[PDB]
Each structure stands twice: as C-alpha cells, then as structure tokens.
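Given next, in structure tokens, is a single chain: the form deposited in one PDB entry.
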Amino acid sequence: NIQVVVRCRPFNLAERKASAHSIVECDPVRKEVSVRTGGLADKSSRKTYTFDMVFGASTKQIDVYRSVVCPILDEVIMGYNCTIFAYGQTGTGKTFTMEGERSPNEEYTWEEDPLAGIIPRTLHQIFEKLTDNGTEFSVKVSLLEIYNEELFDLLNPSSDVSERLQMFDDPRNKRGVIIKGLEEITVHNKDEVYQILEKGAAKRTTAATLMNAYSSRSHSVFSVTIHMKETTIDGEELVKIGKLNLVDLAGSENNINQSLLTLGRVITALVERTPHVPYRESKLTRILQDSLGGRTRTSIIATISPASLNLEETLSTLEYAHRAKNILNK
C-alpha cells in the first residue's frame, strides 16, 4: 500500500573523468532497478528489484514532480494528510530531490529554476492551483529538524538554533504529539516563499557550525498546511484542511541515530505484522507515526548512487525500500 520509488543520480564531474562504469540499470517502463553485484559487463551476476516507480539518472526535477508530487498534492488539496520520505546514503540525492538547488550565475528566478526540488515547486503550485479557481485559503509552513534526539526550529527568526523545543503527548487526539513553541509561518503569497526558504537555509548554516555533520546526521520535517474554504461555481463551500510533510531523512549509511534506528524497527514490525510497533522509541517516529501505518498517504523516495564504490550501501537502501512496500496504512 505505501508507495515506494527509486531515484538514481547521475555521475558527477569527478566520476566522469575517471571513466565510471555504472553498476546500476533502471527500467521505468518495467518499474525495475538492476544492480551488478559480481562485476564485469562481459559476464556478471546481478540483483533485481521492482518498485511502484523507478527513475534513472536522466530524470530531471520536473519529471519527479509531475510523476510523484503532483498527484499527492492534489490529494492534500482534497483535505488529506500526505507525507513523502527521502531515504538513502549521504551523497545520493535526498536533499536534491526534496529541496533542489539553484542554477549557477543567477540564470533563473527561483520559480523557474529547473534544478528546484519538491518543496519550492509545491509551495509555488499551491498558489498556482487554489488562486485560479475560487478558493479562500491560508498557507502555513514549518521546518522541524531532529539532531541527536533534540528538536530544532529552523524557521523562527527570533531564537537561535541552540534552543531545543520540547515535545509532549497530545491529550486530545491519541498517537499525536505537541511540539512546544514550534513556529508556523504563514505564507501570504508565492512571492513570499523564497525568502522564507532563504531564512531556513541561513539558520541551517549556523546549525551546521554548531552540530557535527549536521546535514548528514539530521532529519528535517518541512510541513505545509493548507486551510481551504472552496466555493463552487454554484454556491457550496468546502472547508478542507490538508497537510503535507516532506521529510529529508538522515543519511542511511553505516555515534547512533536513535530516530533512524527506530524508523527501521517500526517498518519491520509493520510489515512483519507484529502487534507492538516501537513508535515511542524515538522523536521522529512519534512525530510521524500517522505516516507509518496510520491514516496518512505516504511515499518513500529512495535515492541511490550509480558508482560501484557504493554497491554495499546501494544494496542496503534498495533492500530497505523494498520491504517498506509491504507496509499498509489508512
């Protein structure tokens, strides 16, 4: 039930000049990814896997958005909660997929930058959709990040990243939590997005000077909530509330990452149909439990490297993401 997809990144400059031989092969049509475990294109053994969708190195941000993100966003507009995880070793594309980058030399405005990822495209589209038709709506974003089991708010511009938020159980709706003091920044229009994203970027920079390998060891949860009061061409009015969570997990390669360890153990119990699911054993799984066997539509995008040097890690990632497919929620 949970939809899982694989994105393989292309070789980098340094890999090209070294005559890199990709040990990975993608077949979008057949929804298959193949990896050369033994070695040698003349003769070799390989490992094969099937997923809901597969994307090779030739895949651009726009293909990713039109294919996975557009449909899930439409659901969010309908009043549903959706989450999308990015999983994989550091250097494979988790941040590139989730956030995106800027093209060199100020070649494009942020809303037309082909290298832009899911977050900016989504915030830009929400306004692109609801504005067109007749819909009164409010957009609020939030960026919660977990490092060594401590919560941080990377969007609040009146407190630095030394102040870790506190987390409690929500007495109202069970299996839900309350993060004290987390900031919800309202986005009044498309032309207010970039700066808010710039804000988080800069705080993210101070977090990195303060915490070791911060960009590799932390989990970021960027949430976008949409309050809608749609008024049909007739005169009806729908009050819908949709929430989309975009998670850039900490690098899966292998001190300890309690949330990462716990996430793996939660998937295990969900697919093994084990009664006790260890949600409470980490901050991430308590924050996102409804995304794991709950009433939320969730998608996992596992990013892999083509380089033969990451064969062992490419296998763990694929194997890890293939098991997730058996998870059922809603």
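The term rigid core refers to the maximal set of C-alpha atoms that superpose within 1.5 Å between the two forms. When you see a residue number, it is the position in the sequence shown, counting from 1.
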Out of the other entries of this protein with residues modelled on both sides, is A41 skipped in at least a third?
yes
Answer yes if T135 is missing coordinates in at least a third of the other compared entries, and no if every one of them models it.
no
Residues without coordinates, deposited sequence, stretch from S162 to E163: is the count none, 1 to 3, 4 to 9, or 10 or more?
none
Once you work out the mean C-alpha B-factor for both 80-88 and 132-140 from the entry, which is higher?
132-140
What stretch has the higher average Cα B-factor here, 261-269 or 274-282?
274-282
Based on the PDB entry, the highest CA temperature factor among the options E150, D153, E101, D169 is that of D169
Among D248, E145, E198, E237, where is the Cα temperature factor highest, going by the PDB entry?
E237
Per the entry's values, where does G56 land by CA temperature factor relative to the rest of its chain, in the lowest, middle or highest third?
lowest
Mind checking which third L328 falls in for C-alpha B-factor across the chain?
highest
Tertile call for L288 (CA temperature factor, within chain, third-based) is the lowest
Chain thirds by Cα B factor, record data; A302 belongs to the lowest
Which third of the chain holds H124 when residues are ordered by C-alpha B factor: lowest, middle or highest?
middle
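What comes next is about the form deposited in another entry, which does not appear here.
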Comparing forms between the shown form and the other one after core superposition, the one residue of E150, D170, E184, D74 displaced by 2 Å or more at CA
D170
Once everything's superposed on the core, is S159 shifted 2 Å or more at the Cα between the shown form and the other one?
yes
Does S138 move appreciably between the shown form and the other one, meaning a CA displacement of 2 Å or more on the superposed rigid core?
no
After the core is overlaid between the shown form and the other one, has the C-alpha of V29 moved by 2 angstroms or more?
no
In that other deposited form the CA atoms of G93 and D160, compared with here and shifted by at least 3 Å, lie farther
If the CA atoms of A41 and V6 move by 3 Å or more in that other deposited form, do they move toward each other or away, so closer or farther than here?
farther
